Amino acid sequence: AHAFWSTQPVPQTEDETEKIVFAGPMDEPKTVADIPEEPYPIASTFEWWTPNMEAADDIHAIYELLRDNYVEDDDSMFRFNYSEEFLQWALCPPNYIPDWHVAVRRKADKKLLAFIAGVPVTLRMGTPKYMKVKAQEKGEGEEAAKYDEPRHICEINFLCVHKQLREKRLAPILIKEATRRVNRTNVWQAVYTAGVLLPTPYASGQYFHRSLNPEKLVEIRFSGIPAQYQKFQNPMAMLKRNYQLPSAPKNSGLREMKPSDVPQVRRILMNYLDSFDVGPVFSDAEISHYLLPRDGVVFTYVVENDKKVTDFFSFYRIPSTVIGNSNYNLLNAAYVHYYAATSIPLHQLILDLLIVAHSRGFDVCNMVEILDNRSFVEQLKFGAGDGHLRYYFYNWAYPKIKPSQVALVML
């Protein structure tokens, strides 16, 4: 049923994943020297290209490919429009490997036809807590703990094939060449997410959405007017009233994050994320890169009291092109990023996130039900959406876990 994925080191069915008890690799052990030195063969009219994602025109080329060809909703009403500044941020974290950014161009005119990107991440991906309990009962604690040390792996994102080249088996070639380049760097696992169902997720979470500009969301058919609103004479004014938010944050001591906050934010974030079965481990440099504010891209606020950072939240911007409605070009979405609360309830912290996002002109706040995101859904008027985000490993057997045991945000 899967001419490509059946040949790959991933669990092949849900029934197989249901039987996995310990974390660990799936493929035969290999070394860098076993991996082909030469790029994977591609047809003569095409060439491999490694873009320089710190060069403005290379970023712009990838930006255009994604703008016109990346993920759409199922009704082709919206398509992600990640900005050039966002792409540079997401693709060039500390110690990133340029060779892991893989493109295909038409050799004749250098037209960009396809892209896939990998970035390094340090991930805790050892056997989850519930399976360690079973392992202990069975005398298998050592094997269950074998791969507990955080692992330096690849995170894959931004797979895209031009619309005119679809269903020609180019995606498997891109994946194969990315795998080769990552393996040549002595890295053997990857983590990736998708909205679609592939073999075989270790976790899946529903998307949730918080209306910030409901009149726009209804107009573009992102949101509907619930049936119960028809019992009122003006359902739209009632809708706006329901979603209204304060004009300024409520938490005393909230301010934008600054460079000197990096060590404190690292400590509180790492203390929080260590409670989840799967999660990243961030250095100071990675905290700085992923969390310090960048205009139009990432927004991060801390709660400071007694000159100490006790809480923080972050969100990032991904607009989507509104394909079918001529009255609006873009849907401006804020996505919940990392956060940590030690002094206030999480719903009180995330209310300030919604306020800041609304004040800055965002139309909706999106998130997946990872981390403790479910704990503020009802209080802050998030609604479940149609979409899901499925989490996958390449070359890593892993038991099924709930999305609330996942602490890795994927951009």
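Superpose the two forms; the largest set of C-alphas matching within 1.5 Å is the rigid core. Start at 1 with the first residue shown and count on from there.
The higher RMS C-alpha distance to the shown form in 9 other deposited structures of this protein, out of 215-223 and 77-85, belongs to 215-223, with every structure fitted on the core. Comparing the two stretches 316-324 and 276-284 by root mean square C-alpha distance in 9 other deposited structures of this protein, with all structures fitted on the core, the more displaced one is 316-324.
Comparing the deposited coordinates for 232-240 and 252-260, the stretch with the larger average C-alpha B-factor is 232-240. Averaged over Cα atoms, the B-factor as recorded in the entry is higher for 214-222 than for the other of 214-222 and 85-93. Comparing the listed residues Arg317, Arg166, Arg124, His289, the entry records the largest Cα B-factor for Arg166. Within the group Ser204, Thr193, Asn305, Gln189, the record's highest C-alpha temperature factor is found at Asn305. Compared with the other modelled residues of the chain, the Cα B-factor recorded for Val297 ranks in the lowest third. Looking at the C-alpha B-factors along this chain, the one for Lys19 belongs to the highest third. Sort the chain's modelled residues by C-alpha temperature factor and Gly141 lands in the highest third, per the entry.
Ranked within its chain, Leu269 lands in the lowest third, by CA B factor from the PDB record.
Split the chain's modelled residues into thirds by C-alpha temperature factor. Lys30 is in the highest one.
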